[PDB]
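> My questions will all concern the structure given below.
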Amino acid sequence: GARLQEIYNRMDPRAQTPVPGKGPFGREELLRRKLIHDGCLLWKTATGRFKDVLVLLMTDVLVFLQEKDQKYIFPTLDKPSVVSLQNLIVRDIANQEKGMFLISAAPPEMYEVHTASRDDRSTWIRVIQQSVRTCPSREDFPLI
């Protein structure tokens, strides 16, 4: 809502992150979308380390942000920081009640994220599956 506007204003106008096969994704691309859910999560890097990230669940995408020096930035991992919601599925992590695998189809990729509680995880999973089955077509809503 106004939360999205806050986030937008807390971001450097030159901030940009690639979306493979689609194009660049900058601060303006945020305002093209509805902010459906947002929250801090833990991203498991390849390093096996956990990176604190602000996660935005939007109309058609998931956005990962980092709280670097009082502004927001797109982080730079070996996975895209913006992910298409289309045909995305959620898997549970065996024995880790607070973790979940997010597997995307555009293109195939896997993200591993952990919440703070079984409850938090339930909320995220619910709200993600919902946003995924109502994701707009790329014909009507290009990711660009």
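Quick note: the coordinates plus some simple rules give every number you see, no bench work behind them. Because the Cβ atoms are built from the backbone with ideal geometry, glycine has one as well, and the counts that use them run over all protein chains shown.
> Scan the stretch 70-80 and give yes if some residue there is under 29 Å from residue 142 (Cβ atoms), in contact (Cβ under 8 Å) with a residue 40 or more places away in the chain, surrounded by fewer than 20 Cβ atoms within 10 Å (Cβ to Cβ) and over 15 Å from the mean Cα position of the chain (by Cα), otherwise no.
For the stretch 70-80, residues under 29 Å from residue 142 (Cβ atoms), in contact (Cβ under 8 Å) with a residue 40 or more places away in the chain, surrounded by fewer than 20 Cβ atoms within 10 Å (Cβ to Cβ) and over 15 Å from the mean Cα position of the chain (by Cα): present.
> Taking residue 18 as the residue in question, decide whether it is in contact with a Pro (Cβ under 7 Å, 6 or more places away or on another chain), touching a residue at least 24 places away in the same chain (Cβ under 8 Å) and not in a strand (DSSP E or B).
No, not satisfied.
> Looking at residue 84 and the list (1) without any contact (Cβ under 8 Å) to a residue 24 or more places away in the chain; (2) among the small types (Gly, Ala, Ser); (3) crowded, with 21+ Cβ neighbours inside 10 Å, which single condition is not satisfied?
Of everything listed in (1) without any contact (Cβ under 8 Å) to a residue 24 or more places away in the chain; (2) among the small types (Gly, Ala, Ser); (3) crowded, with 21+ Cβ neighbours inside 10 Å, residue 84 misses just condition (1).
> Here is a follow-up. Report, by residue number, each residue of the stretch 15-56 that is touching a strand residue (DSSP E or B) at 6+ places or on another chain (Cβ under 8 Å), within 15 Å of residue 75 (Cα to Cα) and of a type in the set (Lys, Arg).
Hits for the stretch 15-56 are 27, 44, 51.
> Considering only the stretch 21-43, state which residues are part of a helix (DSSP H, G or I) and either surrounded by fewer than 16 Cβ atoms within 10 Å (Cβ to Cβ) or without any contact (Cβ under 8 Å) to a residue 40 or more places away in the chain (or both).
Listed by number, the residues that qualify are 27, 28, 30, 31.
> In this structure, does residue 57 turn out to be touching a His at 6+ places or on another chain (Cβ under 9 Å) and over 25 Å from residue 134 (Cα atoms)?
Against the criterion (touching a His at 6+ places or on another chain (Cβ under 9 Å) and over 25 Å from residue 134 (Cα atoms)), residue 57 does not qualify.
> Next up: Would you say residue 63 is among the aliphatic types (A, V, I, L, M), in a strand (DSSP E or B) and touching a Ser or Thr at 6+ places or on another chain (Cβ under 9 Å)?
Yes; evaluated as a whole, the condition is true for this residue.
> Follow-up question, since we're still on this one. Looking at the stretch 8-39, which of the residues that are basic (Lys, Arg) and more than 23 Å from residue 105 (Cβ to Cβ) is farthest from the chain's Cα centre (by Cα)?
If we take residues in the stretch 8-39 being basic (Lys, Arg) and more than 23 Å from residue 105 (Cβ to Cβ), then 14 is farthest from the chain's Cα centre (by Cα).
> Anything in the stretch 99-113 that is hydroxyl-bearing (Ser, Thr, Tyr) and either under 14 Å from residue 86 (Cα atoms) or surrounded by fewer than 15 Cβ atoms within 10 Å (Cβ to Cβ) (or both)? List them, or say none.
Hit for the stretch 99-113 is 104, nothing else.
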